[PDB]
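Participant: The structure is given below, and queries will be raised subsequently.
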Amino acid sequence: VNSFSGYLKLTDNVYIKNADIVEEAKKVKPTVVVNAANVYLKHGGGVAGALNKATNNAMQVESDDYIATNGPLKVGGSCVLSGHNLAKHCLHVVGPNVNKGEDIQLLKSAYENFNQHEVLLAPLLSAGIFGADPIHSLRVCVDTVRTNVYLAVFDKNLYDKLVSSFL
Ligand SMILES: O=C(O)C[C@@H]1CN(c2ncnc3[nH]c4cc(F)ccc4c23)CCO1
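With the UniProt record's numbering applied, the sequence shown covers 1025 to 1191.
Next comes the structure, spelled out in structure tokens:
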């Protein structure tokens, strides 16, 4: 039994809700919140800019030190950093950004990072400003993630389309 509330159940292990991931994170304090990161951990907009703003820029400060030590992530890769005031940990996952021409097949590799964590609060990878089709992202998520994932979808309209079209 966990503390996530109001989710619709899509499969054995995937759940979905219309929620602001920042507000869901601050209420739930999940063990892991997933950030829709880029390889430079530059949290300027989208989910990343919102999560970072909610940490009063502490996420960005920590991220800049991570990059200075380790260099950029790979597209499809991830790193575990602090969750600050939002979660115990933040799993920064780099989905492909279609608006940069990155290979959408890397989306499956990106979701594989979720399998290293028993339970996660997450956005749909490569959706929003990363330019991929969110319906496709949900399909890859369901077909790749085996651990328990609670998906937050900010936009009520897209949420309804994702549910109504789910196979
Ligand atoms: O980057 C991707 O792969 C897909 C993303 C997913 N995004 C979100 N998902 C869930 N909760 C979210 N709260 C937000 C608050 C904001 F100010 C901006 C974006 C979000 C947001 C929307 C942008 O696209």
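By construction, the Cβ of each residue, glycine as well, lies at the ideal position given by its N, Cα and C atoms.
(1) Please go through the same chain and pick out, in chain order, the residues whose beta-carbon is closer than 7 angstroms to the beta-carbon of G1070, but skip the five residues on each side of it.
(2) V1057 and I1045 look like a contact to me (Cβ under 8 angstroms); what is the Cβ gap, rounded to whole Å?
(3) Where does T1079 land, buried or exposed, given buried means 16+ other C-beta within 10 angstroms?
(4) Return the CA-CA distance between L1144 and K1124, expressed in angstroms with no decimal places.
(5) Secondary structure at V1166, three-state DSSP: helix, strand or coil?
(6) By the 10 Å Cβ neighbour count, where 16 or more other Cβ atoms means buried, how is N1137 classified, buried or exposed?
(7) Find out if the Cβ-Cβ distance for the pair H1113, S1087 is shorter than 8 angstroms.
(8) Checking contacts by CB at 8 angstroms: is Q1084 closer than that to chain D?
(9) Cα separation between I1091 and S1189?
(10) Consult DSSP for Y1183 and reduce its assignment to one of helix, strand or coil.
(11) Can you tell me the Cα-Cα spacing of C1165 and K1132, whole angstroms?
(12) Mark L1191 as exposed unless 16 or more other C-beta atoms lie within 10 angstroms of its C-beta, in which case mark it buried.
(13) Verify the contact flag: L1149, CB atom, against every heavy atom of ligand 1, threshold strictly below 7 angstroms.
(14) When you compare each of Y1174, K1077, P1158 to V1122 by their alpha carbons, which one comes out closest?
(15) Heavy atom of ligand 1 less than 7 angstroms from the Cβ of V1046, yes or no?
(16) Under 7 angstroms from any heavy atom of ligand 1, does the C-beta of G1073 make it?
(17) Can you check the region 1120-1172 for any beta strand (DSSP E) of at least 3 residues that lies completely inside it and give the ranges in chain order?
(18) Using the three-state DSSP reduction, which class does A1049 fall into: helix, strand or coil?
Facilitator: So, from the data block:
(1) The residues are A1060, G1152, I1153.
(2) Cβ-Cβ separation between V1057 and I1045: approximately 7 angstroms, consistent with a contact (criterion under 8 angstroms).
(3) Buried, since its Cβ has 16 or more Cβ neighbours within 10 Å.
(4) Looking at the two C-alpha atoms, the distance is approximately 27 angstroms.
(5) It is helical.
(6) Buried, since its Cβ has 16 or more Cβ neighbours within 10 Å.
(7) Against a cut-off of 8 angstroms, the Cβ pair of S1087 and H1113 comes out as no contact.
(8) Although the question refers to chain D, the structure presented lacks it and comprises just one protein chain.
(9) Between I1091 and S1189, the C-alpha separation is close to 39 angstroms.
(10) Annotated three-state conformation of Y1183 is helix, per DSSP.
(11) Looking at the two C-alpha atoms, the distance is approximately 8 angstroms.
(12) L1191 is exposed by the Cβ-count criterion.
(13) Distances from the CB of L1149 to the heavy atoms of ligand 1 include at least one below 7 angstroms.
(14) Checking every option, the nearest Cα to that of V1122 belongs to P1158.
(15) At a threshold of 7 angstroms, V1046 counts as near ligand 1, since its beta carbon sits closer than that to one of the ligand's heavy atoms.
(16) Yes; taking the cut-off as 7 angstroms, the Cβ of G1073 has a heavy atom of ligand 1 nearer than that.
(17) Annotation: the region 1120-1172 contains the following complete segments of the beta strand (DSSP E) (minimum length 3 residues), in chain order: 1143-1146.
(18) Looking at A1049 - three-state DSSP - the assignment turns out to be helix.
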